[PDB]
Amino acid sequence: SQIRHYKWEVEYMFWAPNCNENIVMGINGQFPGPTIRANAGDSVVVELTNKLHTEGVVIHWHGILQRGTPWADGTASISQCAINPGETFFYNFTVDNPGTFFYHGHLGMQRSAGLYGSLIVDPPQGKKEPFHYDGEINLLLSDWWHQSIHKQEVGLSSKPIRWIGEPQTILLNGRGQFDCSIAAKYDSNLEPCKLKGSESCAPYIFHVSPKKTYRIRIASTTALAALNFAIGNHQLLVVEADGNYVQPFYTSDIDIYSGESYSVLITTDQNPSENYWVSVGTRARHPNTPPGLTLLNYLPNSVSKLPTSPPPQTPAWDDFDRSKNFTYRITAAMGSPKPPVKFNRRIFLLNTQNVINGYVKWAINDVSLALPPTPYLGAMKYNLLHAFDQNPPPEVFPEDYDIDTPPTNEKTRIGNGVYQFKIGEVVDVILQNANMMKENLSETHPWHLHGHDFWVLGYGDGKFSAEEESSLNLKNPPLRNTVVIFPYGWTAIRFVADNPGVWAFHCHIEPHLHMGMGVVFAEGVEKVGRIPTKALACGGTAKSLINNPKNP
């Protein structure tokens, strides 16, 4: 047990991720943010000073359960009011279990502006990891556009919508290249980068010694891109996923969607006289972004010594069978917690893309989420019944819905009610994907649950029917916090409503979140303790806690 204290300021600054200058949101003058590293069971105290000028900020600690501390989850209008310019707020929370986690902006579209970094929790003090490696490498993946976040925000709030488009650069630990390639050698149509190694966009090189084994920790905070990770001539052994251990298996490359984290081990077996390419390319959408590239540099080979091969070609973006083939393998490591065999609640959530009042919105069982100005945790503790809609949101959709047709948008509305759970319910969620407004298009959506991990019971094609029950894996299902629904399919997850608080469950692609694609879960709120005053200080909660009468 130890307290790790971080003194942090967030400020916009000029920076050039791909050697083209723009503004980035840096923490203590650096981009990406600093790494937090602690051992399981420690308490992390972060005092954040907001040094932005007109904007409020919040930081969300992705994958941390916020057990006892629902108020530090870092979701504006759900766990807290956002931190005002010039104010300091303390995020104090216990890191319970080891893993590869990260943190990112959770207000507006501030994470796409660069607010994110690594949070790595080692085993309890004195304990060892269940596997052996001699070194580790940390990789955080993100994506980068050249337009302003605030021009992109106004574009997605406009009628007609101005879609943000495919990213200009895929960043690997904050660096990437635009309009040139470090692997130009293999193709005369590519431009060589004129980089010395010193630049803001020069690639983070992976230095390794031959005949050793390493843990490569990989996390994604992309706003949109689903990426594919591969190392030339090196097979990967998947050992951890979303802070939990999986039954190990070998693969030549992994798919990683936004909100996921993996640990993969590699052994430097291959010929020690050469360097090998690390390639991270786009999958799941039709690519119009070059691959993020770097070198697995076998010491003492010169880093200017190119590999003999081109980078590994990324698998075809639309080979979803290949995607499923990897996704469906992941199973819990033996010794993990097995699900409750019987559920107490099952909810069906239909994911549609709609047009509400001329605005292209995303909707879950026809409600497109719009968050209130009063934080739900505050509202529910103080029992302010006028702060949001108290009607229960829709828990099932019409079984006569044709998931292969565009929506009609007849009854689609905007709303902000909450699904409430009784503290201890075993909840089941089947996420159903469908056709979007464009004929014959259904996309992949990564869904992430705050303040909990869930067991991934299964995935299927088409519409979920009750007869699907015997395929659900109750024996070995992995424990995760992020999961994908594939085109035209469903996914079924199970968790226990055991953590007092108001938690978000939303699609982790930042534009879809900005357009309403998420729901809010709240359970055991009468068990929440005292919330920090700064978290209560706005909306309905400020109005009703500030004693300010009249005549007095």
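The numbering used is simple: start at 1 and walk along the sequence shown.
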{"query": "Mean temperature factor over C-alpha atoms, higher-scoring stretch between 464-472 and 412-420", "finding": "464-472"}
{"query": "476-484 set against 206-214, stretch whose average Cα temperature factor tops the other in the entry", "finding": "206-214"}
{"query": "Candidate residues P291, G378, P300, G117, the one whose C-alpha B factor the record puts highest", "finding": "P300"}
{"query": "Among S263, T222, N233, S79 - the residue whose C-alpha B-factor is largest in the record", "finding": "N233"}
{"query": "Within-chain third of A535 by Cα B-factor, per the entry", "finding": "middle"}
{"query": "Chain thirds of CA B-factor: placement of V10", "finding": "middle"}
{"query": "Chain-relative CA temperature factor third for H146", "finding": "middle"}
{"query": "Ranked against its chain, the third holding the CA B-factor of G63", "finding": "middle"}
{"query": "Third assignment of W455 from its chain's C-alpha B-factors", "finding": "middle"}
